[PDB]
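Line order of the protein sequences matches chains A and B.
When you line the first sequence up against the working numbering, it's residues 28 to 368, in that order.
When you line the second sequence up against the working numbering, it's residues 28 to 368, in that order.
For every residue, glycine included, the Cβ atom is placed at its ideal position computed from N, Cα and C.
One structure is given below, encoded as structure tokens.
Number of protein chains: 2
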Amino acid sequence: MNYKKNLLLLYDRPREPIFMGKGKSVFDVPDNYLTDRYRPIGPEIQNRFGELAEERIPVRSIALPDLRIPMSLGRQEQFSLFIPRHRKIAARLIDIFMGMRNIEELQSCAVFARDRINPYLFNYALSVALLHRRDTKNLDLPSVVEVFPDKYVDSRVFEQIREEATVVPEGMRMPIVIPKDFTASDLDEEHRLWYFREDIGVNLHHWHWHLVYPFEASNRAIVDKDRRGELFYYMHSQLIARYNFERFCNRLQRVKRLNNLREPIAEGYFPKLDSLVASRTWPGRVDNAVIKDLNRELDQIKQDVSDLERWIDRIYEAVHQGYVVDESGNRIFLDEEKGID
Amino acid sequence: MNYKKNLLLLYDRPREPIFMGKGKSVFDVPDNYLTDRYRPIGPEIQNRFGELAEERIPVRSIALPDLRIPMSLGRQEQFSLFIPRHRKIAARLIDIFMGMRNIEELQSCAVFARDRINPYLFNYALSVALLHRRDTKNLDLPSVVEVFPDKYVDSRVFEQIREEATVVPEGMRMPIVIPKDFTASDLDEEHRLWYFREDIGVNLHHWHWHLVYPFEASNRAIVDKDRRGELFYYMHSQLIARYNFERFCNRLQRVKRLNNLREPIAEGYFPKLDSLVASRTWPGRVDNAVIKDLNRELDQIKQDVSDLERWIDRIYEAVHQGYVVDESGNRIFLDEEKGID
Ligand SMILES: [Cu+2]
Ligand SMILES: [Cu+2]
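Now the structure itself:
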């Protein structure tokens, strides 16, 4: 039906309020769906863009579960599925969208939530729901480059795109060249691998692989894909094989592993990205930075380097022993078939 | 009987020989009870200190176990129950006092030993014996501040107390003020917690807790007290809770743990104590001191930092595993009830 196509409009202009109109459509957002910032001037807004729209999508007012947890993450904050706390927030939101059985209420829940939660988070939570519901199948989700270009492009272009779009009329607009080999000069021999590390393509492949094979997800059905463990091994293993190949093609040696975490990291990297959602830039890492014990009270991270080292020591032991031990105390054997998985 | 009250006289003036007379009494010691240095002129002494005594306590000459081990520790040496070797010495002396199963024989053994063994050690060994024998029970032991003030007071006062006591007649003596907040200036923010760290009260509580609940003794008796493991956890756990409270009341943050033993220790501490028994002062620790492998041949300490690290790694493993392993190889489960203990 149309509904499938109407959800795709949520991906349009993630930080523009949902009442501003996406593509050749606009949402008829109720007056109690406007945010506390915008609700007190709903009258002037609803009928700012009210004429110039071909379609007008109605939206039914429903109950809407408590969105406290989803809204705990700030709007101008970064996301990340690696951070323990974000995992609990996303997995909870995924659960909400997933838990609205009807495809019309999913549209209503979404439209409300969209302007209250972190764009990056919203995009993820929706993407996961759509991809793994039965009514929303074979639906072609817009490339995350197109919705979040800030994660894929030198920040320098943004003020050029703003200039070009404001000054020059449509049709006469010049294509904006995206800088390549821009993160480091030739003093850093690592800069040669820009065409691989910083290639849009491979970064998209990595992001998407983790979409379809998450490692944490309410319901152990979508996490439990056939041989996803072996997949995780192999896919990442092929990344380095391909990387090591490209290294040899740039007069470099094979990549050296992180033998031990106490020794400095020789190769720094300043990525030159500016998050328009966080309105900040991503921090760089300096040459010879050292790993340090984390205490990020807000993010719910309390981990020491020795914890990491302890995990490694134990995993090595299991691998050499040839078996692991489950919570229960039983032994499971790392055989030829399922061992790697 | 009197005997109970006569043992309390041993705690009086620990370094003054037992024949010098304690309170308004004096002991009538055999000549084979006199110490090797004083015995060859002994008679000239019994007479010299006989004066100003109301009572004379007789003491019968008994068998006396070998006091080789008790006498191994120097008289002018420090005594700590943490040092492996001292544990074996004290536990042996405790065994002697404990082994005399009548209150008269205990008095004789004590009177002999007192001037041959380390005062600090004697005090401990006696304290433990009296507190846990049947005939000597509910006896009020003199405060260890009163018997060993050197462990509780700035060394500066001692030469004032000596001056005051020698110059000024009794009755006209001014009370000696004990310096507070004397270990560090305001450049060290840690100095604010003097009223807790250096308070007489809390230091006495800690000392006494370890008196009644040692971790090393003989058999289970006098170590095997209900839930002493949980007690050890909780008591010490409350010390830090209370400390962390007092920190917040002095505009400081929560105490940071010793993550790892290889990194320097930022906070030094010079305690300003002078052991009158050792006739030396306690050493200080400088800022950014580093833990180093011990090789104290005398004390019987041959321990590497890695040994400590290895113990920690194993304990963590057990805690996560959820069970420990006994000497025999069997598994014991850290359940909700007895796990902590
Ligand atoms: Cu990955
Ligand atoms: Cu203690």
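Considering B:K178, what are the terminal residues of the alpha helix (DSSP H) in which it resides?
In the second sequence, the residue the question calls residue 178 of chain B occupies position 151. Element bounds for B:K178: n/a, residue is neither H nor E.
Any Cβ of chain E within less than 8 angstroms of the Cβ of B:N357?
Here chain E cannot be found, since the structure's protein chains are A and B.
B:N286 touches chain A at which residues, Cβ-Cβ below 9 angstroms?
Looking up residue 286 of chain B in the second sequence gives position 259. Simply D320, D331, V332 and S333.
heavy atom of ligand 1 below 7 angstroms from B:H235 C-beta
For this step, residue 235 of chain B is matched to residue 208 along the second sequence. No, the beta carbon of B:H235 sits no closer than 7 angstroms to any heavy atom of ligand 1.
What does the alpha-carbon distance come out to for the pair B:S154 and B:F139?
Numbered from 1 along the second sequence, position 127 holds the residue referred to as residue 154 of chain B. Numbered from 1 along the second sequence, position 112 holds the residue referred to as residue 139 of chain B. Their Cα atoms are separated by approximately 17 angstroms.
Taking only runs of the alpha helix (DSSP H) that begin and end inside the stretch 282 to 347 of chain A, which ones reach a length of at least 4 residues, in chain order?
For the alpha helix (DSSP H) assignment, the stretch 282 to 347 of chain A encloses no uninterrupted run of at least 4 residues.
Report the rounded CA-to-CA distance for B:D55 versus B:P85, giving the unit in angstroms.
As a first step, residue 55 of chain B must be located in the second sequence, where it is residue number 28. As a first step, residue 85 of chain B must be located in the second sequence, where it is residue number 58. Cα-Cα distance, rounded: 5 angstroms.
Secondary structure of B:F76, DSSP reduced to three states:
Residue 76 of chain B sits at position 49 when you count from the first residue of the second sequence. Here B:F76 sits in coil by DSSP.
Sheet register partners of A:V351 (DSSP bridge):
Counted from its first residue, the first sequence places residue 351 of chain A at position 324. Its beta-bridge partners are A:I359.
Following a CB-centred definition, is B:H263 positioned closer than 7 angstroms to any heavy atom of ligand 2?
On the second sequence, position 236 is the one that residue 263 of chain B refers to. Yes, since a heavy atom of ligand 2 falls inside the 7 angstroms radius drawn around the Cβ of B:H263.
Shortest alpha-carbon distance to A:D334 belongs to which of A:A305, A:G356 and A:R289?
Locating residue 334 of chain A in the first sequence gives position 307, counting from the first residue. When each option's Cα is compared against that of A:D334, the closest is A:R289.
Taking the straight line between their C-alpha atoms, what separation do you get for B:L361 and A:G356?
For the purposes of this step, residue 361 of chain B is taken as the residue at position 334 of the second sequence. For the purposes of this step, residue 356 of chain A is taken as the residue at position 329 of the first sequence. The straight-line gap from Cα to Cα measures roughly 13 angstroms.
Report yes or no: do three or more beta-carbon pairs, one from the stretch 236 to 247 of chain A and one from the stretch 179 to 193 of chain A, lie closer than 8 angstroms?
No contact exists between the stretch 236 to 247 of chain A and the stretch 179 to 193 of chain A.
Could you tell me which residues DSSP puts in a beta bridge with B:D55?
Numbered from 1 along the second sequence, position 28 holds the residue referred to as residue 55 of chain B. BP columns for B:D55 point to B:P85.
Would you mind working out which of A:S170, A:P97 and A:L285 sits nearest A:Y38, comparing C-alpha positions?
Taking the first residue of the first sequence as 1, we reach residue 38 of chain A at position 11. Checking every option, the nearest Cα to that of A:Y38 belongs to A:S170.
Determine which residues of the stretch 284 to 312 of chain B have a Cβ less than 7 angstroms from any Cβ of chain A, and write them out in chain order.
So the list reads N286 and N287, given in the order they occur along the chain.
Does B:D340 come within less than 8 angstroms of chain A when only Cβ atoms are used?
As a working note, residue 340 of chain B is residue 313 in the second sequence. Closer than 8 angstroms: yes.
Give the range of the alpha helix (DSSP H) segment to which B:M125 is assigned.
Numbered from 1 along the second sequence, position 98 holds the residue referred to as residue 125 of chain B. From DSSP, the alpha helix (DSSP H) with B:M125 extends over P111 to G126.
Give the straight-line distance between the Cα atoms of B:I227 and A:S99, rounded to the nearest whole angstrom.
Taking the first residue of the second sequence as 1, we reach residue 227 of chain B at position 200. Taking the first residue of the first sequence as 1, we reach residue 99 of chain A at position 72. Those two C-alpha atoms are separated by around 48 angstroms.
So what's B:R255 in DSSP terms, helix, strand or just coil?
Along the second sequence, one-based indexing puts residue 255 of chain B at 228. Residue state, collapsed to three classes: helix.
Between which two residues does the alpha helix (DSSP H) harbouring B:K31 extend?
Within the second sequence, residue 31 of chain B is the residue found at index 4, counting from 1. B:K31 -> alpha helix (DSSP H) spans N29 to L34.
Close-in-space but distant-in-sequence residues of the same chain around A:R64 (CB under 7 angstroms, 5 per side omitted):
Within the first sequence, residue 64 of chain A is the residue found at index 37, counting from 1. So the list is empty, once near-sequence residues are dropped.
Does the stretch 152 to 168 of chain B come within contact of the stretch 115 to 131 of chain B, defined as at least 3 CB pairs closer than 8 angstroms?
They touch, by the three-pair rule.
Would you say the stretch 314 to 329 of chain A touches the stretch 109 to 120 of chain A, given that touching needs at least three Cβ pairs under 8 angstroms?
Yes, they touch.
From the beta carbon of B:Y270, is the nearest beta carbon of chain A less than 8 angstroms away?
Looking up residue 270 of chain B in the second sequence gives position 243. So, not an interface residue.
Could you name the residues of the same chain whose beta carbon sits closer than 7 angstroms to that of B:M262, not counting the 5 residues immediately before and after it, in chain order?
Here residue 262 of chain B refers to the residue found at position 235 when the second sequence is read from its first residue. Closer than 7 angstroms at the Cβ level, and outside the excluded window around B:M262, lie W236.
Can you find a C-beta in chain A that's less than 8 angstroms from the C-beta of B:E344?
Residue numbering aside, residue 344 of chain B sits at position 317 when the second sequence is read from its first letter. Yes - at least one Cβ of chain A is within 8 angstroms of the one on B:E344.
From what residue to what residue does the alpha helix (DSSP H) around A:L157 run?
To locate residue 157 of chain A, count along the first sequence from 1; it is residue 130. Unbroken alpha helix (DSSP H) run through A:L157: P146 to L158.
Have a look at B:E81, B:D58 and B:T62 and flag the residue whose alpha-carbon is nearest the alpha-carbon of B:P70.
Counting from one through the second sequence, the residue named residue 70 of chain B turns up at place 43. Selected option, being the one with the closest Cα: B:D58.
Could you work out which residue in B:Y343, B:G311 and B:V172 is closest to A:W338 when comparing CA atoms only?
Residue numbering aside, residue 338 of chain A sits at position 311 when the first sequence is read from its first letter. Closest option to A:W338, Cα to Cα, is B:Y343.
Suppose contacts are defined by Cβ-Cβ distances below 8 angstroms. Is B:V304 in contact with B:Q134 by that definition?
On the second sequence, position 277 is the one that residue 304 of chain B refers to. On the second sequence, position 107 is the one that residue 134 of chain B refers to. Between B:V304 and B:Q134, the C-beta spacing is not below 8 angstroms.
Would you call B:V346 buried or exposed, if buried means 16 or more other Cβ atoms sit within 10 Å of its Cβ?
Position 319 of the second sequence, counting from 1, holds the residue named residue 346 of chain B. Exposed: under 16 other Cβ atoms inside 10 Å.
Determine whether the Cβ of A:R95 lies closer than 8 angstroms to any Cβ atom of chain B.
In the first sequence, residue 95 of chain A corresponds to position 68, counting from 1. Under the 8 angstroms criterion on CB atoms, A:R95 is classed as non-interfacial with respect to chain B.
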